[PDB]
Amino acid sequence: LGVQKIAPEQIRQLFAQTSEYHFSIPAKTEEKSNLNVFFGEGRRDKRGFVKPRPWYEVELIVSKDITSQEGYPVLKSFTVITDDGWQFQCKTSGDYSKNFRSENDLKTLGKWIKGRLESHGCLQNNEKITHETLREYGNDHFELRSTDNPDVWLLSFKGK
DNA sequence: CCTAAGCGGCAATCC
DNA sequence: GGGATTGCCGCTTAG
Numbered sequence: 185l186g187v188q189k190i191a192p193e194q195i196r197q198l199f200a201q202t203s204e205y206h207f208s209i210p211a212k213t214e215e216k217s218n219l220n221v222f223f224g225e226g227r228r229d230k231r232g233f234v235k236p237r238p239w240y241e242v243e244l245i246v247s248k249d250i251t252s253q254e255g256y257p258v259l260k261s262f263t264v265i266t267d268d269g270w271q272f273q274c275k276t277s278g279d280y281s282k283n284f285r286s287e288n289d290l291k292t293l294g295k296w297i298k299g300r301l302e303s304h305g306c307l308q309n310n311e312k313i314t315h316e317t318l319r320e321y322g323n324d325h326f327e328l329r330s331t332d333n334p335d336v337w338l339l340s341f342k343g344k
């Protein structure tokens with residue numbers, strides 16, 4: 185839905201700048217959370233009827249060691265511009281403001297992260313993201329960088 | 001009245 | 001019983 189494509193030249197100009205704030209967010213291989221929300225309990229109502237997590241539903245659970253650092257966007261909404269040229273809204277939420285998610289749709293961040301893993305042939309549908317998934321991809325961290333716009337961050341996840 | 005999931009927080013764990 | 005951290009689950013609210 186609310187996704188925008190940014191031209192490779194506007195991306196070059198944007199990513200050329202230096203960042204006041206920057207964080208290296210681990211791509212965790214936890215099995216019922218983070219990248220692998222798909223393999224956790226679904227959403228169950230009071231009558232016990234459950235609803236499977238979508239494949240692209242993800243979160244980046246960010247440790248306090250990082251969210252407590254100077255400049256981190258705690259409980260803010262903000263624009264994210266990816267290194268491969270996509271723009272969408274993300275939101276930090278939950279206790280310690282640990283949950284890094286795309287806003288209004290959890291799948292958007294998932295389509296970005298997983299769709300990237302899929303394209304490079306490191307991940308196929310309904311598969312767990314493991315150390316070897318990330319090792320084959322060539323990256324196990326997300327770069328969250330600031331721009332001179334307080335509400336726009338750069339998000340990177342380059343592979344091999 | 002609903003249903004569905006965005007996102008807030010529960011709870012398992014380790015001190 | 002308490003706090004501190006964060007996987008993980010499902011409450012609550014907007015549609």
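If you're matching positions, the first sequence starts at 185 in the entry's author numbering and goes up one per residue.
In this text, a Cβ means the ideal position worked out from N, Cα and C, and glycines have one as well.
In angstroms, rounded to a whole number, what distance separates the CA positions of residue i and residue j?
i: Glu320; j: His304; result: 9 Å
i: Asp335; j: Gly255; result: 12 Å
i: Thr276; j: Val258; result: 6 Å
i: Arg329; j: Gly226; result: 32 Å
i: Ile297; j: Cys274; result: 13 Å
i: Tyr240; j: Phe222; result: 7 Å
i: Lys235; j: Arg228; result: 6 Å
i: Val264; j: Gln188; result: 10 Å
i: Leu185; j: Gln253; result: 32 Å
i: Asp279; j: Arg285; result: 13 Å
Does residue i pass the burial test, meaning 16 or more other C-beta atoms within 10 Å, or should it be called exposed?
i: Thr251; result: buried
i: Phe233; result: exposed
i: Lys342; result: exposed
i: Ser261; result: exposed
In the DSSP assignment, the beta strand (DSSP E) including residue i goes from what residue to what residue?
i: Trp296; result: Taken as a continuous stretch (DSSP letters only), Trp296 belongs to no beta strand (DSSP E), being part of the alpha helix (DSSP H) at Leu290 to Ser303.
i: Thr276; result: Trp270 to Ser277
i: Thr317; result: Element bounds for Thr317: not the beta strand (DSSP E) but the alpha helix (DSSP H), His315 to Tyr321.
i: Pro210; result: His206 to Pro210
i: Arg285; result: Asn283 to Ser286
By the DSSP assignment, the alpha helix (DSSP H) with residue i in it spans what residues?
i: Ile250; result: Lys248 to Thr251
i: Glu327; result: That residue, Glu327, is in no alpha helix (DSSP H); its beta strand (DSSP E) goes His325 to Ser330.
i: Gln194; result: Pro192 to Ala200
i: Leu338; result: Run containing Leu338: none in the alpha helix (DSSP H); it sits in the beta strand (DSSP E), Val336 to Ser340.
In chain order, what residues of the same chain have a beta carbon less than 7 Å from the beta carbon of residue i, not counting five sequence neighbours either side?
i: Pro192; result: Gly269
Below 8 Å CB to CB, which residues in the same chain sit around residue i once its five sequence neighbours on both sides are set aside?
i: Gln201; result: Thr331 and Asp332
| request: Could you say if the segment 198-215 and the segment 243-256 meet the contact criterion of at least three C-beta pairs nearer than 8 Å? | output: Yes: at least three Cβ pairs fall under 8 Å.
| said: Any contact between the segment 211-231 and the segment 320-331? By contact I mean 3 or more CB pairs, one from each, below 8 Å. | reply: When Cβ pairs closer than 8 Å are counted between the two stretches, the segment 211-231 is seen to touch the segment 320-331, the count reaching three or more.
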